[PDB]
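Chemist: There's a structure below that I have some questions on.
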Amino acid sequence: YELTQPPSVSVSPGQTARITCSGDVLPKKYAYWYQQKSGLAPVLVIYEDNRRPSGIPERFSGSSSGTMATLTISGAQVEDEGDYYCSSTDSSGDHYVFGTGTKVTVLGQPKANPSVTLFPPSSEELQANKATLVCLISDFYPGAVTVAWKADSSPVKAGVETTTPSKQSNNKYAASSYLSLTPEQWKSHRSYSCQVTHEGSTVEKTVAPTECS
Amino acid sequence: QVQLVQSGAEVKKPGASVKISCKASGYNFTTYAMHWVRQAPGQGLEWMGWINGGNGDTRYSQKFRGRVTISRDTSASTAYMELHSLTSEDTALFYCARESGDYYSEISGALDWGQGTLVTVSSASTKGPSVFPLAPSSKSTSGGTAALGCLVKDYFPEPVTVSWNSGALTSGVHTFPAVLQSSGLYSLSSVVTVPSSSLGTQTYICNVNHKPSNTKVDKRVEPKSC
Amino acid sequence: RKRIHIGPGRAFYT
Ligand SMILES: *[C@@H]1O[C@H](CO[C@H]2O[C@H](C)[C@H](O)[C@H](O)[C@H]2O)[C@@H](O[C@@H]2O[C@H](CO)[C@@H](O[C@@H]3O[C@H](CO[C@H]4O[C@H](CO)[C@@H](O)[C@H](O)[C@@H]4O)[C@@H](O)[C@H](O)[C@@H]3O)[C@H](O)[C@H]2NC(C)=O)[C@H](O)[C@H]1NC(C)=O
């Protein structure tokens, strides 16, 4: 049993966002709606098609007719971004399923250029016969970046490990990239650079093995 | 106040079994059912099954029926989920949640949720982290403000938590999600933004906790010297 | 009106 949801719905601030949920036995069974925001347990926002739990804002409402249930967020705000799942039982009533899930995006949020913080290998790590460069990217929006590494003036891909971007609490995004080197590699280049490209512009930070501050 | 406290993170080898617990308090345990829910990293919610806290009857989703046993112990007010014959693809976060529905309840649905339990499955063995300081250089400040941090390198499994000065510093802290490397080991970093004039005179320590390895590290982060 | 399912083998009409 599948409860079909649109993968994405976008809404402008103050507008009404609608998330649908289609299933063959919704005519006989109640729908429930869960909100899951970054890194947290789901929260019940609507139950039994159209009832609202205490403490849930009045701008959340639900309805269900035929084989489709709908969650409505009136006057959507930035804090309403997240993943929304409907839920209901199959025909037997012995099993629940969650719907395929909908990511709600609120449009019009301010663009934010990435902060890039680049650390060379610590002397402690080098004295342990290892070396890691750490490039930390925070507070950017929208949440897509590309990260490239250079040694002197040549691209480097070997030893690079980069995360996907993840939504911070303040609704901007963060990511990190690591370049693992031997101490010999580290000392044998004039510098290394981490290049972060975001919305067509690039912030590049450089470090050098002669810099001991 | 309803409270559901799940057991802590686990790592298992393929073919092992794991029994997660969910301790309930603040309500009559036998009046309500308990759901169990799985969420693989970056994926959706999957309902696994549920059990009556009272009469102990269970039902399981098609996917997990025959692979899991949900049980309850009323005298310990706890629900249990056992997952048998784990494989690496089973790695996920698992939630318990109380069903609020009842003949004499005005509400239904999973109102109250546990905090989640991470279970990692791998043939690799546990490895504690190597913690190194990230000291800001004079070229790397941002005016009256400077970023310093700790590198938590090459550990397994998740999770790791980081605090600063035993929690005396929280507002300037940014702890970044870990990268999973080709070696199968994790690394993460935490930075705290502090006054630039404080660097040579204030003490900064990152407190790293890796419960899967029973390891805690307090790493002092000193200004770059040379 | 609809059937509310509150547990394994436990359900009722509202
Ligand atoms: C949680 O609520 C229970 C009530 O049930 C609730 O959930 C179910 C599913 C349903 O929705 C109900 O509508 C709802 O109300 C409470 O259950 C109560 O449990 C007590 C047990 O402590 C029971 O008490 C009676 O005890 C009598 C004495 O026991 C005898 O045992 C010996 C046997 O040989 C005997 O020799 C000895 O001398 C002793 O006298 C016993 O006669 C009787 O049969 C009961 O067991 C209550 O009846 C029961 N209540 C109901 C309405 O059934 C439960 O206590 C509560 N839990 C908490 C922690 O609050």
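Residues are referred to by chain and number: the chain letter is A, B, ... according to the order shown in the structure tokens, the number counts from 1 in that chain, and ligands are numbered separately from 1 in the order shown.
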Using only C-alpha atoms and a cut-off of 7 Å, which residues of chain C sit close to chain B? Please list them as an mmCIF file with C-alpha atoms, in the first residue's frame.
Modeler:
```
data_model
loop_
_atom_site.group_PDB
_atom_site.id
_atom_site.type_symbol
_atom_site.label_atom_id
_atom_site.label_comp_id
_atom_site.auth_asym_id
_atom_site.auth_seq_id
_atom_site.Cartn_x
_atom_site.Cartn_y
_atom_site.Cartn_z
ATOM 1 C CA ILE C 6 -5.572 1.986 17.814
ATOM 2 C CA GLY C 7 -3.694 -1.302 18.139
ATOM 3 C CA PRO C 8 -3.248 -4.870 16.892
#
```
Chemist: Produce as a ChimeraX atom specification the set of residues near ligand 1, where near means within 7 Å with only C-alpha atoms and all ligand atoms considered.
Modeler: /B:28-31,54,102-103
Chemist: Can you work out which residues from chain A touch chain C at a cut-off of 8 Å (counting only C-alpha atoms) and hand them back as a list in words?
Modeler: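 Result: residues 28, 29, 30, 89, 93 and 94 of chain A.
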Chemist: For the residues in that selection, give me N, CA, C and O atoms as a compact mmCIF listing (two decimals), in the first residue's frame.
Modeler:
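See again.txt below for the written result:
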```
# COMPACT_ATOMS: atom_id res chain seq x y z
N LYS A 28 -12.21 4.90 3.53
CA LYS A 28 -12.66 4.20 4.72
C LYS A 28 -11.78 4.42 5.94
O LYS A 28 -12.20 4.07 7.05
N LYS A 29 -10.59 4.99 5.78
CA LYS A 29 -9.62 5.09 6.85
C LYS A 29 -9.17 6.53 7.03
O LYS A 29 -9.16 7.32 6.08
N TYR A 30 -8.78 6.85 8.26
CA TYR A 30 -8.34 8.19 8.62
C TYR A 30 -6.90 8.44 8.20
O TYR A 30 -6.06 7.54 8.22
N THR A 89 -3.82 3.44 7.57
CA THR A 89 -3.69 1.99 7.53
C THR A 89 -4.03 1.45 6.15
O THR A 89 -4.70 2.11 5.35
N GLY A 93 -6.39 -2.75 8.14
CA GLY A 93 -6.31 -1.99 9.36
C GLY A 93 -5.25 -2.47 10.33
O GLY A 93 -5.09 -1.85 11.39
N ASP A 94 -4.54 -3.57 10.02
CA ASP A 94 -3.51 -4.08 10.91
C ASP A 94 -2.18 -3.36 10.78
O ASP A 94 -1.32 -3.52 11.65
```
Chemist: Counting only C-alpha atoms, give me one row per residue of chain B with an atom at most 6 Å from an atom of chain A, showing the shortest contact pair and its distance in Å to one decimal, sorted by chain then residue number, as CSV.
Modeler:
```
residue,atom,partner,partner_atom,distance
B:47,CA,A:97,CA,5.7
B:111,CA,A:44,CA,5.6
B:137,CA,A:213,CA,5.3
B:138,CA,A:213,CA,5.9
B:179,CA,A:163,CA,5.4
B:224,CA,A:213,CA,5.7
B:226,CA,A:212,CA,5.4
```
Chemist: Using DSSP on the backbone coordinates, identify all residues within region 7-122 of chain B classified as helix (DSSP H, G or I); present the result as a PyMOL selection string.
Modeler: chain B and resi 29-31+74-76+88-90
Chemist: How about saving the chosen residues, N, CA and C atoms kept, as a compact mmCIF listing (two decimals), in the first residue's frame?
Modeler:
```
# COMPACT_ATOMS: atom_id res chain seq x y z
N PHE B 29 0.92 2.24 30.92
CA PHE B 29 1.59 1.55 29.81
C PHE B 29 0.67 0.56 29.11
N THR B 30 -0.21 -0.10 29.86
CA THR B 30 -1.06 -1.15 29.29
C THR B 30 -2.25 -0.60 28.52
N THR B 31 -2.53 0.69 28.62
CA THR B 31 -3.66 1.24 27.89
C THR B 31 -3.38 1.46 26.40
N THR B 74 5.48 -5.37 30.78
CA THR B 74 4.68 -4.39 31.52
C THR B 74 5.31 -4.08 32.88
N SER B 75 5.91 -5.07 33.53
CA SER B 75 6.50 -4.82 34.85
C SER B 75 7.73 -3.92 34.76
N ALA B 76 8.32 -3.77 33.58
CA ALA B 76 9.38 -2.79 33.35
C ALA B 76 8.91 -1.60 32.53
N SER B 88 24.64 -5.29 6.42
CA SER B 88 25.12 -3.91 6.40
C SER B 88 24.04 -2.96 5.89
N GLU B 89 23.18 -3.42 4.99
CA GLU B 89 22.13 -2.58 4.45
C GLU B 89 21.05 -2.24 5.47
N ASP B 90 21.10 -2.84 6.66
CA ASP B 90 20.12 -2.58 7.71
C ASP B 90 20.42 -1.32 8.51
```
Chemist: Could you jot down the CA of residue 9 (chain A) to CA of residue 78 (chain A) separation for me, Å, one decimal place?
Modeler: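 According to the coordinates, CA of residue 9 (chain A) and CA of residue 78 (chain A) are separated by 13.5 Å.
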Chemist: Just to confirm, what's the straight-line distance from CA of residue 3 (chain A) to CA of residue 39 (chain A) in Å (one decimal)?
Modeler: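 One can read the CA of residue 3 (chain A) to CA of residue 39 (chain A) distance as 23.5 Å.
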Chemist: Excluding residue 136 (chain B) and its own-chain neighbours fewer than 2 positions away, which residues fall within 7 Å of it when counting only C-alpha atoms? Please give them as a list in words.
Modeler: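 The residues satisfying every condition are residues 134, 138, 140, 141, 147, 148, 223 and 224 of chain B.
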Chemist: Work out how far CA of residue 188 (chain A) is from CA of residue 208 (chain A), in Å to one decimal.
Modeler: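 A separation of 10.1 Å between them.
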Chemist: Which residues come within 10 Å of region 199-209 of chain B, counting only C-alpha atoms, excluding same-chain residues fewer than 6 positions away, as an NGL selection string?
Modeler: :B and (128-133 or 135-136 or 145-152 or 159-167 or 169 or 190-192 or 215-224)
